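>>> No letters, just coordinates:
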RNA sequence: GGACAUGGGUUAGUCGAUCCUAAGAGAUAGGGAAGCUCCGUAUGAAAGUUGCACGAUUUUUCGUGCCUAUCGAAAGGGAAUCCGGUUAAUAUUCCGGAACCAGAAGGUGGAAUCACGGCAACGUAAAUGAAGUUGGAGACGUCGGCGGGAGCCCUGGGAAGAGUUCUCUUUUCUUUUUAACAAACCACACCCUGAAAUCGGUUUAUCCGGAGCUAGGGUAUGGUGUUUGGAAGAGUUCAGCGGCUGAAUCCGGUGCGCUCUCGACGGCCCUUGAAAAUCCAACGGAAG
């Protein structure tokens, strides 16, 4: 593969035959990011998209509502905002009634 | 290669049909290494006292084709 | 002073997030186990499903069956609501030993589930038993 | 400890949470007391030989213990000399199982 | 002679292509043109490879509901392999040893009756999820300084051999290996207590703090490092013997060093920085 590019990221290692050889290291995985905030979620190991399948179900999602897709702070804010908006609709309906 | 530290499970995995060959290594540190070849993984066990090592030689099933140092 | 026994509130943290709970007992004075504004709250983990008269009685009972959850959470984690639910069987059953003994915890959960099923059968606290979308 | 990190065997007879487990220091017996009010007495024979796996069999299921507030047997103790069991209940009753 | 003649020589589940898309190209629908042909690319197309599901079978003549091209990258995206040995010529391909990925069914053991714990961040051997609805990875500019690691370079001893040596020179030169992979452990973002300026913490570079500081306790992410396995049985270097047998293959110290990579920042941006294949998760509660 002439004209080395970003794919050909080689690291030199010392072999047991007292020889220096280059090993191709793949790009590191990225931890999933929260949908709303955009900050990476906590508790999800950063692996490759294909390697994520091998992990167990509990190892990829946090045991909470919207866990693994929305951050806990975002989850708390979303839960609070929905309750307040529901109360406003209830308050407005009573006044309109 | 899983390093195995439990003699009893080394015995049961040897009796299980997946085991094919076993090798015994005697290093300079007077330690005995039991290497068991399985379908996918090579299980090794390090023991330090000879009498337990010899007792586990005769505890291994005779069907297993054990071999001495390489 | 907005927190009183029998008041309906919502949990905003933990695994049981967004679940409506009823304040069984207030521990706002603080405790060694929970050095904060904690209180014992019992909520519903699986809200009852819609009941159709055409469906069988066993199917209706299975749909109406609800799994309760009793835990102690901080005041900040909780979110008080105007509504309040009071039950005779839910008074005096909350104690430190109840949470301490695992067998007592299971018995308390069974009693709470039995009380909730009776309330659902009586057609009361429909808003409390109904799941909330968030 | 010489078999695996996972438990060698699993036993799930108790109808309530298993409270206490105790092994007799000399005799090859052990006991398990739970809140169900029943105590399971098992015999565990340990053999130093590698081939001989431990022989665990039930021996007795002690009953007739009071259960108070969903709590029955709280703790069990083995006699240092013979197969005698001290069982503590929630009602303040101590049963000497000779 | 790269000439001539005669034979030999290129071995892959893991390396590339194959798959995806880019700017564009391009057939189809339609419309032009006497015409060789041209325009046109979801366009006024009935545009669905078995589009999908439902049903004791419905006047044994099918009803109801839902959702609505192809080419173009051997430098972009992407499942997976290392070491030692081996040829006259081929090696991540062959030999020996050791792994990994994808898909496929049953079987065995374990787990729940649609699992628990922790205030919490979240954790664990498991812990069903239809239609329908979303979210994430892929997937994203450039520059500077700092931190981390590896290799290389430098060097102190130790060992080995070869030197030089009237004398001096514990001296001169050379070498001193651990792979993929698999195990256990090893630190900036968030949570809990807390309410702060007499401002504190702190960068090489002053950044943050009642939108909750310092401090204490946690949680996750492990870049890495520790201990092994692999593994000495291999390789290398010295001694020998006639393939065999001996030994050693060690302990450091390091630096604005060079090379490569990762982390944490700080700017400049402006035009705020490809797409798709592919994989995962959430909401949802059909069914049992």
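Arrived safely, thanks for sending. Numbering: from 1, shown residues only, chains lettered A, B, ... in the order given.

>>> Flag every residue of chain B that's near chain D.
B:6-9, B:11, B:55-56, B:59 (Cβ under 8 Å from any Cβ of the partner chain). C-beta here means a position set from N, CA and C on the backbone, and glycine is covered the same way.

>>> Recalculate using a threshold of 6 Å.
Contacts of chain B with chain D, taken as Cβ under 6 Å from any Cβ of the partner chain, map to B:6-9, B:11, B:59.

>>> Out of these, flag the one nearest to RNA strand E.
When those are ranked by distance to RNA strand E (Cβ to the nearest atom of the strand), residue B:6 comes first, at 11.6 Å.

>>> shouldn't that closest one be in contact with residue D:2?
Yes. If you go by Cβ atoms under 6 Å, residue B:6 and residue D:2 touch, sitting 5.2 Å apart.

>>> interface residues of chain C facing chain D?
So far as Cβ under 6 Å from any Cβ goes, chain C lies against chain D at C:101-104, C:107.

>>> if you set the cut-off to 8 Å instead, what comes out?
Going by Cβ under 8 Å from any Cβ, the residues of chain C near chain D are C:97, C:101-104, C:106-107.

>>> separation between the closest residue to chain C within chain B and residue B:18?
The nearest approach of chain B to chain C comes at residue B:6, 31.9 Å away (Cβ to the nearest Cβ). Counting by Cβ to Cβ, to the nearest Å, the separation of residue B:6 from residue B:18 is 17 Å.

>>> Over to residue D:60?
Distance from residue D:60 to residue B:18, by Cβ to Cβ: 40 Å.

>>> quick one on the thing from earlier: can you tell me which of the residues of chain B next to chain D are classed as buried?
B:7-9, B:11, B:59 (16 or more other Cβ atoms under 10 Å in any protein chain shown).

>>> Quick one: residues contacting residue D:33.
For residue D:33, the contacting residues are D:18-21, D:39, D:72-76, D:87, by Cβ atoms under 8 Å, 6 or more residues apart in numbering or on different chains.

>>> so which of these is the most crowded?
Highest neighbour count within the contacts of residue D:33, by other Cβ atoms under 10 Å in any protein chain shown: residue D:73, with 27 neighbours.

>>> Nearest residue to it in space, please, no chain neighbours.
In this structure, residue D:73 finds its nearest non-sequential neighbour in residue D:33, 3.5 Å apart by Cβ to Cβ, 6 or more residues apart in numbering or on different chains.

>>> What of residue D:43?
Using Cβ to Cβ, 6+ apart and skipping the chain neighbours, the partner closest in space to residue D:43 is residue D:59 (4.8 Å).
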